[PDB]
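# What the coordinates show
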Amino acid sequence: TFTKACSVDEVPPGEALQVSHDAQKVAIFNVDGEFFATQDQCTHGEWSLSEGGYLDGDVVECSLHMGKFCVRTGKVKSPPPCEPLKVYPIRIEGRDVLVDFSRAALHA
Ligand SMILES: OC[C@H]1O[C@H](O[C@H]2O[C@H](CO)[C@@H](O)[C@H](O)[C@H]2O)[C@H](O)[C@@H](O)[C@@H]1O
Ligand code: FES
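Summary of conventions: residues on each chain are numbered from 1 in written sequence order, possibly unlike the entry numbering, and any residue without coordinates is omitted from what is shown. Both sets of labels track the order of writing: A upward for chains, 1 upward for ligands. Remark: hydrogens and water are excluded; side-chain values derive from all non-hydrogen atoms of the structure. Residues with missing side-chain atoms are left out of burial classes, side-chain pairs and their counts.

### Details of the site of ligand 1
The condition is simple: If a single non-hydrogen atom of a residue is within 4 Å of a molecule or strand, that residue counts as near it. Note on areas: these come from Shrake-Rupley sampling with a 1.4 Å probe, and a residue is covered only by the protein chains present in the view. A helix here means a DSSP run of H or I that spans at least four residues, while a strand means a run of E at least two residues long, and both kinds are numbered starting from the N terminus. Note on residue categories: nonpolar means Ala, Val, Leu, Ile, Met, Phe, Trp, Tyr, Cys or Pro, charged means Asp, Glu, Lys or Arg, and polar means any other residue, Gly included.
Around ligand 1, the surrounding shell consists of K4, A5, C6, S7, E10 and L17. Contact with the protein chains covers 28% of the free accessible surface of ligand 1, which is 490 Å². The element that contributes the greatest number of residues to the shell around ligand 1 is strand β1 (residues 3–7), accounting for four residues. Residue composition of the shell around ligand 1, grouped by class: three nonpolar, one polar and two charged.

Right under this line is the structure:
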């Protein structure tokens, strides 16, 4: 199941939005007009990447320790995080950005 998360126009390029499904929080990033979904919480600590992060192209920085992650793959790009982000498949259906919330994957 792909689930309605947000509208294409709700997240302009270079920006992030937090979405909720059941008990999980997911960050939606618009990289160059394409949408990517990762876990919202940084893996290194209790800090939100959509609300406390900064998006630099396809790379999100966590403001607490300046850890960095690729939003496309979840891959750690800069320390101190040890573990990559969960990433979730994305479908665009017209205006809708859809996330498959049950289908989290990990790079490693
Ligand atoms: O408030 C209940 C609804 O919450 C979500 O939808 C809101 O937030 C989205 C992303 O920020 C917006 O696209 C949407 O227009 C808002 O209504 C949730 O997706 C819905 O299923 C809930 O009914
Ligand atoms: S909490 Fe995100 S880098 Fe430490």
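Next comes the rest of the write-up.
### Description of the sheet that holds strand β6 (residues 59–62)
Using the following cut-off: Only strands joined by at least two bridges in the DSSP assignment are considered to pair. What counts as an axis is a line fitted to C-alpha atoms, over the stretch in contact for a helix, and the angles between N-to-C directions run from 0 to 180 degrees.
Pairing within the open sheet is antiparallel, and its four strands lie in the order β5-β6-β7-β8. Each edge of the open sheet is held by one strand with a lone partner, namely β5 (53–56) and β8 (76–78). If you compare each strand with its neighbour and ignore which way they point, the axes differ by 30° on average.

### Focus on the nonpolar core
What counts here: Working definition of a nonpolar core: buried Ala, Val, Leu, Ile, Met, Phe, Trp, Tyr and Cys residues. They are joined through side-chain atoms within 4.5 Å. When a residue's accessible area, from a 1.4 Å probe over protein chains only, is under 20% of the maximum for its type it is buried; when over 50% it is exposed; and in between it is partly exposed. Pairs of residues are marked as contacts when any of their non-hydrogen atoms sit within 4.5 Å.
In this structure, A27, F29, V31, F36, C42, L49, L55, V60, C62, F69, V71 and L85 together form the largest nonpolar core, which totals twelve residues. Secondary-structure elements contributing two or more residues to this core are β3 (24–31) and β6. Look past the residues within four positions of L85 in its chain and what remains in contact with it is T38, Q39, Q41, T43, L49, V60, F69, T73, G74, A105 and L106. By size, the runner-up hydrophobic cluster in this structure holds eleven residues, among which are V11, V26, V97 and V99.

### A word on the environment of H107
Its place among the elements puts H107 in the segment after β11 (96–99). Separated by 102 residues in sequence, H107 and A5 have C-alpha atoms that sit 23 Å apart. If sequence neighbours within four positions are ignored, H107 has contacts with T73, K75 and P84.

### Digging into the UniProt feature "binding site: [2Fe-2S] cluster" in the protein chain
To be explicit about the condition: UniProt positions are given in the numbering used here, feature names are shortened, and annotations may be inferred rather than shown by experiment.
The UniProt record annotates "binding site: [2Fe-2S] cluster" at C42, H44, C62 and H65. Across 24 residues of sequence, these annotated residues stay compact in space, with a maximum C-alpha separation of 10.1 Å. With respect to the helices, strands and loops of the structure, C42 is situated in the loop between β4 (34–39) and α1 (49–52). Taking relative accessible area as the criterion, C42 reaches 4% and is therefore assigned buried. Structurally, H44 is set in the loop between β4 and α1. Contact partners of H44, with chain neighbours within four places excluded, come to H65, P80 and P81.

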